[PDB]
Amino acid sequence: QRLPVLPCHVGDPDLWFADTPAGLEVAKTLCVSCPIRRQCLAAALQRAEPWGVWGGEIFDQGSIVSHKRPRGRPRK
DNA sequence: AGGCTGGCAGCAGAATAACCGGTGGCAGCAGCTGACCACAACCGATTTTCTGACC
Ligand code: SF4
């Protein structure tokens, strides 16, 4: 079916929870071409997923952050 | 004098209406819990790593 075209499970699944701001960036933008962004993002927002890339967007424990804040002192 | 030998005959089996007492089960439910999620916050370093000034 359309399973190998689905960009979620094409490669290694441990990529999409890597705890670097730059590592998961290609994981987030790899769901640009995903055919099911609407329903996946809708399910992720309704069930309140606390981790990882969902619907081509990252998640905190309840909501969506724009980009994950890096380790260290943030920029003034 | 009967007996035990002989067929002869006959048969089983197989195939193709109430009471009373008591006693234990049981289900329903307030009412101690008491362990348990469970959010939800709040801190305890921890490490990085800028940020800010020092001379
Ligand atoms: S997170 Fe995005 S890319 Fe991955 S399966 Fe869901 S919609 Fe597709």
# chains A, B, ... in the order shown; residues from 1 in each chain; ligands from 1
>>> residues_near_ligand(ligand="ligand 1", cutoff="8 Å", atoms="only C-alpha atoms (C1' of nucleotides) and all ligand atoms", output="list in words")
residues 6, 7, 8, 9, 28, 30, 31, 32, 33, 34, 35, 36, 37, 38, 39, 40, 41, 53, 54, 55, 56 and 57 of chain A
>>> interface_residues(of="chain B", to="chain A", cutoff="8 Å", atoms="only C-alpha atoms (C1' of nucleotides)", output="list in words")
residues 48, 49 and 50 of chain B
>>> write_last_selection(atoms="C-alpha atoms (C1' of nucleotides)", output="PDB file, in the first residue's frame")
ATOM      1  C1'  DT B  48      26.651  24.136  29.882  1.00  0.00           C
ATOM      2  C1'  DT B  49      27.541  28.243  28.741  1.00  0.00           C
ATOM      3  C1'  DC B  50      26.717  32.754  27.932  1.00  0.00           C
TER       4       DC B  50
END
>>> residues_around(residues="residue 17 of chain A", least_positions_apart="5", cutoff="10 Å", atoms="only C-alpha atoms (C1' of nucleotides)", output="number ranges by chain")
A: 23-24, 27, 51-53, 58
